[PDB]
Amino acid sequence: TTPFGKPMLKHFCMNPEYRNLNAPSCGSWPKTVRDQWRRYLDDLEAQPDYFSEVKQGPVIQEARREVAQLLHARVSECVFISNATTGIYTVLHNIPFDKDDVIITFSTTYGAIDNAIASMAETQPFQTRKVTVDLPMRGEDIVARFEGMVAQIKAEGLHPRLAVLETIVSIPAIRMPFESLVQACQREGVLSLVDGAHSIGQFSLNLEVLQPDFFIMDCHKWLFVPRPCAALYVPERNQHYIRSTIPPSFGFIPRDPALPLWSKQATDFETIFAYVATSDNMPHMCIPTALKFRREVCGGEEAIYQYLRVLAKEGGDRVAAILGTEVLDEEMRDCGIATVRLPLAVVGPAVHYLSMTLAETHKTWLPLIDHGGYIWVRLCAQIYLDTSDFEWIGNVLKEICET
């Protein structure tokens, strides 16, 4: 129906002068999703306990199966959680660890995940090792160092119990060889915890094929729903590991489960995530409206995936050209993101100036990070941007760097 690029802008809710080149942070959703969101709010306000006790569940259930379909997963293997940090932590906290078990991470592992592993180590006897990854690198070189780490662990008498993998590194943002790492994990008997915070809605994905041990995803990052909105995939074979949400609630399963009588006013795994602490569900309840908008107005998932990839390839390349620099690359760019190096060498006041300038003067926002002695910027394509927006931010960044 509507061509990609700035024709799409009329379907979304941003101010006219707002270049959204960092959509996954807060999400970005069409007007159809906004209006449906507000109708649920109206419903909640008009009859709160009726909306919550009767009307909420069936929309949630429809959202679950639409997410499972998109994943080529069973609805029985997909549960909803508030954010990706919660899902990853829920898995880590439930897996029983022994002093001879090793948790394998990478230097690309999300910072919040390192902190969780550090925190857990204070009261548990396991140990951890970080596979060094200095991007740029080749996917098969990453996969080889992982296999070398797993082999070194087994040689010392230790047990490589779990590896933390990611689909997209948060920043500097590339696509990682997660399909190959999941395979290496299954060969060596290592559980594959996949941080797919950036995945669903951005590129095609098939868990029936990939078969990860655990897969966590932020729907709000790329599925046109507001934050926070995440999902956790656990295959049947691993559902026995999960006995408690984080924080624990009435769904808890002791090692040796009883719902209070008000529960009578679905497997054990599913009840764990049905009886949880008080929460808002309306981002998840927006999933069907979002997927409808993507089928009918945007021409389906594959079209969107292609446009995002192609725009990021071309738009990222054009920003690097204008800057005289490069795009992060060893496919690592088989996604809707481009991480471009800025011509600055490494700080705080400068970072603060750059960002407020983009937010105050140019009405956009970009994440950045120090890596390899230079400051890099993450640019996120999306179906209402076109190649000129990237050309625009290239010149803007050019001017600020000069300044």
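Throughout, we count residues from 1 along the sequence that is shown.
**Q.** Unmodelled stretch of the deposited sequence separating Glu330 from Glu331, binned as none, 1 to 3, 4 to 9 or 10 or more
**A.** Gap size class: 10 or more residues without coordinates, per the record.
Q) Taking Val346 and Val347 as adjacent modelled residues, how many residues of the deposited sequence between them have no coordinates (none, 1 to 3, 4 to 9, 10 or more)? A) Unmodelled stretch: 10 or more residues.
Q | Between the two ranges 194-202 and 296-304, the one averaging a larger CA B factor in the entry | A | Looking at the recorded C-alpha B-factors, 296-304 comes out higher on average.
Q | 227-235 versus 267-275 - greater average Cα B-factor per the deposited record | A | The deposited B-factors put 267-275 ahead on the C-alpha mean.
Q) For the listed residues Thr90, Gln186, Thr108, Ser249, which one has the largest C-alpha B-factor as given in the deposited model? A) Of the candidates given, the C-alpha B-factor peaks at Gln186.
Q.
Given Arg39, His362, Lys31, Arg64, identify the residue with the highest C-alpha B factor in the PDB entry.
A. Comparing C-alpha B-factors across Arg39, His362, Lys31, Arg64, the maximum falls on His362.
**Q.** Relative C-alpha B-factor of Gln382, binned into the chain's lowest, middle or highest third
**A.** For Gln382, whose C-alpha B-factor we compare with every modelled residue in the chain, the answer is the highest third.
Q: Quick one: classify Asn83 as lowest, middle or highest third of the chain based on its Cα B-factor.
A: Its C-alpha B-factor, which the entry lists for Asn83, ranks in the lowest third among residues of this chain.
Q.
How does the C-alpha B factor of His72 compare with the rest of the chain: lowest, middle or highest third?
A. Within its chain, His72 is a lowest-third residue by C-alpha B-factor, going by the deposited values.
**Q.** Chain-relative CA temperature factor third for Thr325
**A.** Tercile = highest for this residue's CA B-factor.
Q | Record-listed C-alpha B factor of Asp101: chain third | A | CA B-factor rank for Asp101: middle third.
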